[PDB]
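# Breakdown of the fold
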Amino acid sequence: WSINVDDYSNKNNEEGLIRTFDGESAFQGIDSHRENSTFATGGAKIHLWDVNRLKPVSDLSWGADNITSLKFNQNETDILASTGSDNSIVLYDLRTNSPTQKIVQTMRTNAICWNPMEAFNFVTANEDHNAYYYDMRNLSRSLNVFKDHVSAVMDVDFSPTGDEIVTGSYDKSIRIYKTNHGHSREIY
Amino acid sequence: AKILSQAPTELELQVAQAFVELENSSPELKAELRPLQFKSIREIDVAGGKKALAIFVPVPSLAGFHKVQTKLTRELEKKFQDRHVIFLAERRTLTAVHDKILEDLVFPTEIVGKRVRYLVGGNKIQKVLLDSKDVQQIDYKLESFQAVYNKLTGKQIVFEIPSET
Amino acid sequence: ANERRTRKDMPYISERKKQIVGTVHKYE
Amino acid sequence: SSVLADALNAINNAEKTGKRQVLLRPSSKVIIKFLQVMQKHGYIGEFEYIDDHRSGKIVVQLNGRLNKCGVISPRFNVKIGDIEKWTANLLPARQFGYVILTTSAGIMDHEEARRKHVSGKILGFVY
Amino acid sequence: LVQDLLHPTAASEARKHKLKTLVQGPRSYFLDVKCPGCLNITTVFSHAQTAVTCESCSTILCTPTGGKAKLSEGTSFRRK
Amino acid sequence: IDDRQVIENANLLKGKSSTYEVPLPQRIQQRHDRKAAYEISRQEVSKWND
Amino acid sequence: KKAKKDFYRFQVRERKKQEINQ
Amino acid sequence: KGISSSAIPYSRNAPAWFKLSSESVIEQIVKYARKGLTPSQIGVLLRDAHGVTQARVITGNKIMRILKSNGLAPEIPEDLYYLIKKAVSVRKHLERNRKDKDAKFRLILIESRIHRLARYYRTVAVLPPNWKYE
Amino acid sequence: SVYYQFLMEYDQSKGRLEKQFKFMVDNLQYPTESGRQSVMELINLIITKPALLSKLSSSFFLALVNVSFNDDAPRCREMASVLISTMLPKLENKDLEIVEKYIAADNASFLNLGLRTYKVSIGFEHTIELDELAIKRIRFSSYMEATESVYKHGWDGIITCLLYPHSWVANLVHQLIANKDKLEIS
RNA sequence: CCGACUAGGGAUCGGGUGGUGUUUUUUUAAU
Ligand SMILES: [Zn+2]
């Protein structure tokens, strides 16, 4: 969809639904590449798309287990990450056009967000009530655990300064965490 | 020798030669191998083209056949390198029939669970879980198990071990 | 703490590792 | 009690207590179709049928969107002309929730039943 | 503390009761023992409920107790 | 064998190493493919490490 | 080893014929 | 009420260490039955000493079907027989000493339990109708 | 078919002729015989369709000797046919060096020399007959099959007739000796 | 404060499994 936006007054228009991509099964997540017309949709299987072609460019699925969430990297923009409902976190690379490495955790990762200032760190937000700060180059250990929630963590996001995260959960509250500590700096 | 009264295919002639050579290497065994007679030797392709020999058994004899499956599969892969060698019987019902087809189609390596995940788009993922017995051999033949069961039944299921992959 | 006082070899698992059941492409 | 009723009771009060997963046992084809139509309308997430050899278990994951399941204990026949009346008398509001029926074409909600023009016996509701 | 219902950990699944697991199954086993009189392998249940004897040379191999049966002081076992 | 080393005339490029192995099953082949992809992708983000 | 002198078809048939014997 | 039963494995195969024959098990079964043990005793002896896990798995069918197809059928099912002999043991205790009101109460309970599954077995007609518990 | 047309009409490369021909002569050790039979058929096609064909025939001849000494030997007959269709179509110096290797190629080398005596200049043929006569005078069971093949290829006949009733007077070797003695009596 | 109802916590009674220390102890039985 396109939106008419009043932010510059340079000009003076056919707003909605410029095209309609179509899959055979349902979709569950989407995130757009930060260049080169590309996006990726997770669902019954994770596909890569571009806005010109009306069909998926490539299917990049580890196994026949579905995908619940998706985030592209913000710098090193060709590194994808995804959460599958087999309690799995999979990294993909788009140079090799392939998955890269996955880990299986105890419970299900609801969301990912990449660190916008460190480019290989990401934070996962999962169903045991805490968040995990992971290094892409070594997924054998989290490099932090953010613990203070009391029900399943639904979504996480980074500050654009990369210094703190926000973390909303299924207990009806959100929590802000300094990235080096591991407990909540604030609850709303 | 092991075919019924129709024309034996060259696969049946080759595996019958394997069995008369195993009867040439007899006397360590003592008449455990005589009535071991086929029905058909079907080939089933996979995604890589690497076919798999389904050996059919009329099942009064599949008990003693898979009693010594593991030795004559190794002799049969020594005779046909790189080709998967599986054994199989022949058929209300049909849920029990496909169950017994899967249980015989997998090696004696003991399915330990049958999941079916119902997605939100309306799809299903049927999954079988294989446990522990020589996992370094089982994970090679996972997708060929999947391919031959899809060829036999039509139902596309997914084989996994409760391990890493 | 009681179980560790008795039994012989109870490994000290880290909190940062206590939530990974496994990992493809093992690390050396 | 019934076998659909205690499954829907578990899936009701577990969500009231605010859990993100129910394990319900045993499991039948009618339970699979009931959870099928309610995830078709978006009340539950995925669910999984663990087959033990006895009767089956379901692990449903459910987010927040359900607020009452139920079964209508006499399975009276409804008509295509009275689907609208029965929804009016047992649903919360006009377009709020779905009455689920056992029909000739299987377990369906009331609006799919009257869409493809088939009546049947009532089974239960969801909103 | 909190546990996923499907995909549970092996460490907790081996701790809970044999009926309370995801799919149930026995924690009993079978082990073969050799009689000290005549060294003849007989296979015996673990929770063996009766005083089994080596049917060649009649020596008591196990004694029934409340749970597992205990083997009789000279016997050698191997779990299979 | 094919390298039995008969008397001295060795002007040809006959049999040696580098033949085709029996190919792995495609699950194991794509596993080793994505492990190689893992190592080169890790080497790509280790430049941001500085 | 445990017991039974009853409960089977052939066993109660033999004890009924034993009553017939005496 | 307590949960204490046996947990049948998910497998339906012979356990692959069971090197015995599927017929020698049946011969041992009919030998123990003809020397006079109830089918639960056959199953527990076969499980404990000649390590068949369960004979519906390892043989073809369950062992009361094996005994009925090999000619060793029971006069009366094992449940009814054991409850009958428990009731008559309590009845002889009551004729011996007649101030045991608690044992009279347990006799009422055991007799009710007799009538329940005797009614079930009668409508199935395992045992003939016009069967009374004397 | 597609790989053959690639080998024909594509202005080749820096070194892809010698490189893929190294792969040609090496891929007969691919451990499925249904795999190396297609390599044998590509050898057949490249000898149906020259100057460096003499060096390619030396490589294919050593490789076809090593494939005649195969494992299953249902394709050793195809290797013998490939050696025949490369030797009969060869050139003068190529077949002379092939005869030098034929006189070169212990007991496995004797079986290889028997196959070479079956394969192949009348002077080189008479030298091979003299070597086969010395072998029939030095007349295990691989040497016996080589002597049966030499007796099917055939003073030297006198020594072979002197050894035929000696060898007659392993039952497939007995049948082969009976066939050789029946041909000698005929 | 009731039920069709979620989790716990400490203590205790009966059974079971595992651990590996002290009281026990030994070629009379097991305990
Ligand atoms: Zn003994």
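Anyway, here's the lowdown on the structure attached to this text.

Reading the values: rules and limits
Residues numbered from 1 in each chain as written, not as in the entry; some residues may be left out. Chains lettered and ligands numbered in written order. Part of a larger assembly, values for the part shown. Heavy atoms only, no water. Residues with missing side-chain atoms left out of burial classes, pairs and counts. Helix = DSSP H or I, 4+ residues; strand = E, 2+ residues; numbered from the N terminus. Buried < 20%, exposed > 50% of the residue type's maximum accessible area, 1.4 Å probe, protein only. Contact = heavy atoms within 4.5 Å. Areas by Shrake-Rupley, 256 points an atom, 1.4 Å probe, with all protein chains shown as cover. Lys, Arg positive; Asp, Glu negative; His and termini not counted. Charge placed at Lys NZ, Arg CZ, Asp CG, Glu CD. Nonpolar A, V, L, I, M, F, W, Y, C, P; charged D, E, K, R; others polar. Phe/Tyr/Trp six-rings, centres within 6.5 Å; stacked < 30°, edge-to-face > 60°. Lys NZ or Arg CZ within 6 Å of the ring centre and 35° of its normal. Salt bridge = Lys/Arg side-chain N within 4 Å of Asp/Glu carboxyl O. Pairing = 2+ DSSP bridges. Axes fitted to C-alpha atoms, helices over the stretch in contact; angles between N-to-C directions. Parallel < 35°, antiparallel > 145°, perpendicular 65-115°, else oblique. Left-handed = near helix turned anticlockwise from the far one by under 90°. Expected span 1.5 Å × (residues − 1).

### Some details on the overall build of chain E
Helices and strands together make up the secondary structure of chain E, namely one helix and five strands. For chain E, the succession of helices and strands along the chain, N to C, is α-β-β-β-β-β. Projected onto its principal axes, the C-alpha coordinates of chain E cover approximately 55 × 20 × 20 Å. Per-residue burial for chain E yields a buried fraction of 34% across its 80 residues. For chain E, the proportion of contacts with a sequence separation of at least 24, taken over those separated by at least 6, is 23%. Accessible surface computed for chain E: about 4800 Å², of which carbon and sulfur atoms make up 55%. Charge separation in chain E, taken as the distance between the mean sites of 11 positive and 5 negative side-chain charges, equals 3 Å.

### As for the overall build of chain I
Summing up its helical and strand segments, chain I has eleven helices and zero strands in all. Scanning chain I from its N terminus toward the C terminus, one meets helices and strands in the order α-α-α-α-α-α-α-α-α-α-α. With respect to the three principal axes, the spread of C-alpha positions in chain I is 65 × 35 × 30 Å.

### Here's the deal with the interface of chain A and chain C
Each partner contributes to the interface: chain A provides 20 residues, whereas chain C provides eleven residues. Every element with two or more residues in the side of chain A that touches chain C is listed here: β8 (98–105), β11 (131–135) and β12 (138–146) of chain A. Ranked by residues supplied to the side of chain A that touches chain C, first place goes to β12 of chain A with eight residues. Considered class by class, the residues forming the side of chain A that touches chain C number eight nonpolar, eight polar and four charged.

### A few points about the packing of aromatic side chains
Taken together, the aromatic side chains of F7, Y8 and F10 of chain G together with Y81 and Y82 of chain H make up a single cluster linked through ring pairs. Here the guanidinium or amino end of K102 of chain A rests over the ring plane of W62 of chain A, the centre of that ring lying 6.0 Å away. Geometry around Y38 of chain F places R42 of chain F over its ring, the cationic atom sitting 5.5 Å from the centre.

### So, the pattern of salt bridges
As a salt-bridge pair, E44 of chain F and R95 of chain A come within 3.8 Å of each other at their nearest N and O atoms. Of the two residues, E44 of chain F sits in helix α1 (residues 26–45) while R95 of chain A sits in the loop between β7 (88–93) and β8, which places them in two different chains. Its salt-bridge partner being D52 of chain D, residue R54 of chain D comes within 3.5 Å of it at the nearest N-O pair. Each of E76, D78, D93 and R95 of chain A together with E44 and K47 of chain F takes part in one network of salt bridges that share partners.

### Section: the arrangement of the chains
Between chains A and C lies the most contact-rich interface of the 17 pairs of chains that touch. Regarding chain C and chain D, the two do not touch, and the least distance separating their C-alpha atoms is 19 Å.

### Some points on the sheet that holds strand β3 (residues 84–88) of chain B
Residue and element names in this part refer to chain B. What the three strands build is an open sheet, ordered β1-β2-β3; its pairing is mixed. The outermost strands of the open sheet, each flanked by one partner alone, are β1 (41–44) and β3. Sheet twist, expressed as the mean angle between neighbouring strand axes with direction ignored, is 25°. Note that β1 and strand β2 (residues 52–56) share four bridges and pair antiparallel. Bridge assignment links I44 to a residue of β2, and that residue is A52. The strands that helix α3 (residues 69–79) touches are β2 and β3; relative to β3, the one it contacts most, it runs at about 140°. Across the face of the sheet, helix α5 (residues 135–153) comes into contact with β1, β2 and β3 while running at roughly 45° to β3.

### Examining unusual backbone geometry
Following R25 of chain D, the chain continues to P26 of chain D via a peptide bond in cis, the omega torsion being 0°. Topologically, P26 of chain D is positioned in the loop between β1 (21–24) and α2 (29–40). Phi is positive for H25 of chain C, which is not a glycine, with a value near 60°. Mapping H25 of chain C onto the fold places it in the segment after β1 (20–23). The backbone of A73 of chain I shows a phi angle near 55°, a positive value even though the residue is not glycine. Position of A73 of chain I among the secondary structure elements: in the loop between α4 (53–68) and α5 (76–87).

### With respect to the sheet that holds strand β4 (residues 111–118) of chain B
Taken in spatial order, the six strands of this open sheet run β6(B)-β5(B)-β4(B)-β2(D)-β3(D)-β1(D), and their pairing is mixed. Looking at the sheet topology across the chains shown, the edges are occupied by β6 (158–160) of chain B together with β1 of chain D. Recorded for the sheet is a direction-independent mean angle of 20° between the axes of neighbouring strands. Relative to strand β2 (residues 47–51) of chain D, β4 of chain B runs antiparallel, the two sharing five bridges. Bridge pairing in β2 of chain D places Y118 of chain B opposite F47 of chain D. Lying on the sheet, α5 of chain B is in contact with β5 (124–130) and β6 of chain B; it crosses β6 of chain B at an angle near 165°.

### Details of the pairing of strand β16 (residues 184–187) of chain A
Residues and elements named next belong to chain A. Inspection of the sheet shows strand β15 (residues 174–178) paired to β16 by three bridges, in the antiparallel sense. Paired with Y177 across the bridge in β16 is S184. In textbook terms, the turn of a hairpin is the stretch between consecutive antiparallel strands, and for β15 and β16 this stretch comprises five residues, one of which, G182, has a positive phi near 105°.

### Quick notes on the pairing of strand β2 (residues 38–43) of chain A
Along a regular strand, successive side chains alternate from one face of the sheet to the other. Residue and element names in this part refer to chain A. Summarising the sheet, strand β1 (residues 27–32) and β2 pair through five bridges and their orientation is antiparallel. Residue pairing in the sheet places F27 in a bridge with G43 of β2. The turn linking β1 back onto β2 is made up of five residues, and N36 within it adopts a positive phi angle of 40°. Two strands pair when backbone bridges link them, and β2 and strand β3 (residues 47–50) are joined in this way by four bridges, in the antiparallel orientation. Bridged to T38 within β3 is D50. Between β2 and β3, which pair antiparallel in sequence order, lie three residues.

### Some thoughts on the packing of helix α1 (residues 10–22) of chain B against α3 of chain B
When two helices pack together, their arrangement is given by the angle between the helix axes and the distance between those axes. All names here are of chain B. Where α1 meets α3, the axes come as close as 11 Å, and the angle between the chain directions of the two elements is 120°. As far as their axial angle goes, α3 and α1 are oblique. Crossing handedness for the pair α1 and α3: right-handed. Along its contact with α1, which presents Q14, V15, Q17, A18, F19, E21 and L22, the element α3 presents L72, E75, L76 and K79. Residue composition of the contact of α1 with α3, by class: six nonpolar, two polar and three charged.

### Things to note about helix α1 (residues 4–16) of chain D
Here α1 of chain D spans 18 Å end to end across 13 residues, near enough to the 18 Å set by a 1.5 Å rise per residue. Taken from the residues just after α1 of chain D, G18 of chain D is the one with a positive phi, measuring 90°.

### Some words on the environment of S22 of chain H
Residues and elements named next belong to chain H. With respect to the helices and strands, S22 occurs in the segment before α1 (24–34). Measuring from C-alpha to C-alpha, the distance between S22 and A125 comes to 31 Å, with 103 residues separating the pair along the chain. With near-sequence residues (within four places) excluded, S22 lies in contact with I58 and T59.

These values are about where atoms sit, not about what they do.
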